[PDB]
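Next up: a single chain in structure tokens, the form solved without its partner chain.
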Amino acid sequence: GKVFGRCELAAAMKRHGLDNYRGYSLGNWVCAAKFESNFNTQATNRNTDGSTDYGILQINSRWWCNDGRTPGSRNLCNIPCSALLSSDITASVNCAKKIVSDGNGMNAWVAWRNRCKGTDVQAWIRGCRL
């Protein structure tokens, strides 16, 4: 397992191209992870509706990843949801990119919309080596 630190996650996300990706500066992505999962790569939220949110960015199994148990599955990231529980952030970052590339803002992430949008998101990367 793994729980990231803020700056460790910022650096990994930047190595994966997230700083300014589709108009979202790096702190947006760190803030989203903070409030979605508290940086826990294995965070898993199982919803009454039968879908589940997986990993550090709490990506959902209806549209985005396949867990084989969710009605209406589209698997638009073309990954098993297990890949979103990895200690390495590859699948989560690539799927987060795909979400935005499929026409969704960051507003897809409830924690970003509710905790991060409009704030000084740069604070989430302040003092980090990048």
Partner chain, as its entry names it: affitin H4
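Numbering follows the first chain given and starts at 1. Take the two forms, superpose them, and find the largest set of C-alpha atoms that agree within 1.5 Å; that set is the rigid core.
Undergrad: Please work out whether 67-75 or 32-40 has the higher root mean square C-alpha deviation in 4 other deposited structures of this protein relative to the shown form, with the rigid core as fitting region?
TA: With the rigid core superposed, the C-alphas that lie farther in 4 other deposited structures of this protein are those of 67-75.
Undergrad: Which segment is farther from the shown form on average in 4 other deposited structures of this protein after a rigid core fit, 89-97 or 47-55, going by CA atoms?
TA: Once the cores are fitted, 47-55 deviates more in 4 other deposited structures of this protein.
Undergrad: Looking at the entry, does 73-81 or 99-107 show the higher mean C-alpha B-factor?
TA: Between 99-107 and 73-81, it is 99-107 that shows the higher mean C-alpha B-factor.
Undergrad: Between 64-72 and 29-37, which has the higher average C-alpha B-factor in the PDB entry?
TA: Looking at the record's C-alpha B-factors, the answer is 64-72.
Undergrad: Split the chain's modelled residues into thirds by Cα B-factor; is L9 in the lowest, middle or highest one?
TA: Bottom third by C-alpha B-factor.
Undergrad: Per the entry's values, where does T48 land by CA temperature factor relative to the rest of its chain, in the lowest, middle or highest third?
TA: Highest third of the chain for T48's C-alpha B-factor.
Undergrad: Would the CA B-factor of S92 place it in the lowest, middle or highest third of its chain?
TA: Lowest third.
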